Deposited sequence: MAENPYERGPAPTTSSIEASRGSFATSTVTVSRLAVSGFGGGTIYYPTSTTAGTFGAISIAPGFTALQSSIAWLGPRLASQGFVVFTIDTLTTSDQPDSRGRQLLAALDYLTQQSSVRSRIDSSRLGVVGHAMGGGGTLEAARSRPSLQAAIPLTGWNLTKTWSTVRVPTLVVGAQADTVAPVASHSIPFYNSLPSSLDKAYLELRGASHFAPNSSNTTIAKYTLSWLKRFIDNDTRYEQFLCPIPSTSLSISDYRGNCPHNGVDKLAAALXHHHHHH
């Protein structure tokens, strides 16, 4: 294809909302004892060897949480054409800066040492995270500007200013979140990102802090579209991001610049 990184069939509303994409997937377990730098995890990967190499992401949980809290993202994203590494942290009490470093240590294990490293294009990587792990994605993106995408889900971080981030970032907030309220976390994060950066804010209507821990089609479709657009440079997914979505039962607020790779809109 024109885009060497394009994978899978042309997307539709149905395909980006489905619980699975078109790629068969498998898993590998990485034990705590096999790695240094992070708490092990689970690799979800496309099994096909005829489609080319894939981009990859690491995903981190929040304070006290285990990888089971984010596991549903594994098959859901991997089956759309990504290697997805859901990790445990060294301790459940690790703070956002530590989670950020562990996201990066996990990506380096994935691309340099893991059993699927040959299936990955190590130049096309991203980070996703929930809660303090979402705070970790901003920490990781700030440190590693070569990342292609960063997605904090209901993120928590005492640092509110992210004006040096150069990684395209989708900030996902939960409107009713009382643990990491959007007014003091997600929205400040989004507002402090550079005006020149490809970025978006997605607010889940009436959602709690725990919405990212259960199957959620709105989180899935926009996470997928963002990862496709920026890890794969896949302009077939631009249609779902630009013009920005209108508010709905699932979406209470959306902000972002359009078009990508080139003005800011906001729907409330």
Going by C-alpha coordinates, which parts of the deposited sequence are missing from this model?
1, 264-271, 278
